[PDB]
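The form deposited in one PDB entry is given below as one chain in structure tokens.
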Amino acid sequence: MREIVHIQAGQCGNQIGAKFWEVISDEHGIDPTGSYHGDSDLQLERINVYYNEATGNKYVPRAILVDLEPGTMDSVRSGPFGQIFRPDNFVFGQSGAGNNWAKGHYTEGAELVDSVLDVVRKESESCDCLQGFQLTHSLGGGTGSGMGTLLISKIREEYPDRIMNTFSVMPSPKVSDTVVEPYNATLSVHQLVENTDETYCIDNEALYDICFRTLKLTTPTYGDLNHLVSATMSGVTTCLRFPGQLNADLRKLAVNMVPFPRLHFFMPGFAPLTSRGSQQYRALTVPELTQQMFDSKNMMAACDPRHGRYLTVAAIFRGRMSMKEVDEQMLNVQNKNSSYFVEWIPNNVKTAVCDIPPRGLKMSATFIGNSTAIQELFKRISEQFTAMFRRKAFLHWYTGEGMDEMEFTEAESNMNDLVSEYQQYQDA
């Protein structure tokens, strides 16, 4: 049955997670009360990947909602699709994490973590062929960053052979809540390097630039940012939700996308870039879809791919289109940018097609790249970490929760190594 168990933790993780369920529910013909009201059998062929079948022919998402404060919990329970969520899958505290990784990972999160693990199991217990876990969170706060990584460590201990995949939102000074966001991010990236198999780097800096530079949105909101996120999450999970010539799962994804274990951070890309209302009166030729997908202005992570090299690429075209012209246009790209693909991994670009497009678009394209250019992201966070840590500024917010400086030193040393490893294959 290849079931997937979804977890969303913290404010960011629960707002992007709720948008994800609202988007793919629509695509699978489910309504806010969990009853199927669609027209295609393709919508239900792999519905059990993300949904449990309720007693009375309704579908409930295999999702667990986690937070250290009830604020965002209630915003979801009051949203459009808030009623489709199993009421017993809401685990929350009252104290909050104060944008503090330490509180989320060591002190406040320490007491909620079993309540969360109790639901994961109940939910995994009901899985016929559990495939792995999928987690949504930001890295710049405390609950999703600190507790989120604590859950990953907890879950891997009990399911050491299931696949662990995360949608992780990187912080950026252009959309910042607090100044300690680099501290929170660096400590989390060290966890992710060790404890997950696949991480989608969703960069708030990139999301901001797309909204302000391309979409012409003067004062972008998290709703605008999150519209890009859900479109990306829809596309990047298309191969798991619908049947195709390639019946993909998380493990097959990992075995073909990650050549070296630590290098498991992917750049997502999406085309066409649309806005809230949008309009889409002119459809896009596959040549346009393909050329947009690979431009830096369509990257969901602020990295210039030309500054690096693609180790492995994975692309999906959605809608009624000539699979021949998709093949032609994709092979024309590899030849137009041959020097941005490593030559020691033959045939490292794989493309798939699915005739079911997302809501409000005649055709689209999504793309994951395992590219050495991702090193620019980690470098940017590293430089901001160091400017503060050099003077031990704001450290008292963490040492007052039992943390030592050595932990920070350790965390950054491991992230500079990761930058080095990426640099090592840029010159091959």
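So that there is no doubt, residue numbering starts at 1 and follows the sequence shown. Shifts are known only where both forms have a C-alpha. So that the term is clear: the rigid core is the largest set of C-alpha atoms that superpose within 1.5 Å between two forms.
In every other compared PDB entry of this protein that covers both flanking sides, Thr214 is modelled, so it falls short of the one-third threshold for missing coordinates. Annotation: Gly109 does not belong to the positions left without coordinates in a third of the other compared entries; each one with flanking residues models it. A summary of the deposited B-factors shows that, of 345 to 353 and 269 to 277, the stretch with the larger mean C-alpha value is 269 to 277. For the segment pair 384 to 392 and 39 to 47, the entry gives 39 to 47 the higher mean B-factor, averaged over Cα atoms.
You'll see in the entry that, of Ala283, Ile155, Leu228, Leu253, the Cα B factor peaks at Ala283. Between the residues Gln134, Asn204, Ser338, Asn184, it is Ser338 that shows the highest Cα B-factor in the PDB record. Sort the modelled residues of the chain by CA B factor and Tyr59 lands in the highest third. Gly82 sits in the highest third of its chain by CA B factor, as recorded in the PDB entry. Sort the chain's modelled residues by C-alpha temperature factor and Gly29 lands in the highest third, per the entry. For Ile4, the recorded CA B-factor ranks within the middle third of the chain. Only modelled residues enter the ranking. When the modelled residues of the chain are ordered by C-alpha B-factor, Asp197 sits in the lowest third.
The form deposited in another entry is left out here; the points below concern that form.
Residue shifts between this form and the one not shown, rigid core superposed: of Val255, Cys129, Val179, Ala283, the only C-alpha displaced by 2 Å or more belongs to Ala283. Relative to the superposed rigid core, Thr274 undergoes a CA displacement of at least 2 Å between this form and the one not shown. The Cα position of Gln83 differs by less than 2 Å between this form and the one not shown after fitting on the rigid core.
Fitting the two forms on the rigid core leaves the C-alpha of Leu246 displaced by at least 2 angstroms between this form and the one not shown. The pair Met299 and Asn247 is at least 3 angstroms closer at the CA level in the other form than in the present model.
Contraction of the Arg213-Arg276 CA spacing by 3 Å or more is recorded in the other form, set against this form. Look at the core-aligned forms between this form and the one not shown and you find runs of 3 or more residues with C-alpha shifts of 2 angstroms or more at 245 to 247, 274 to 283.
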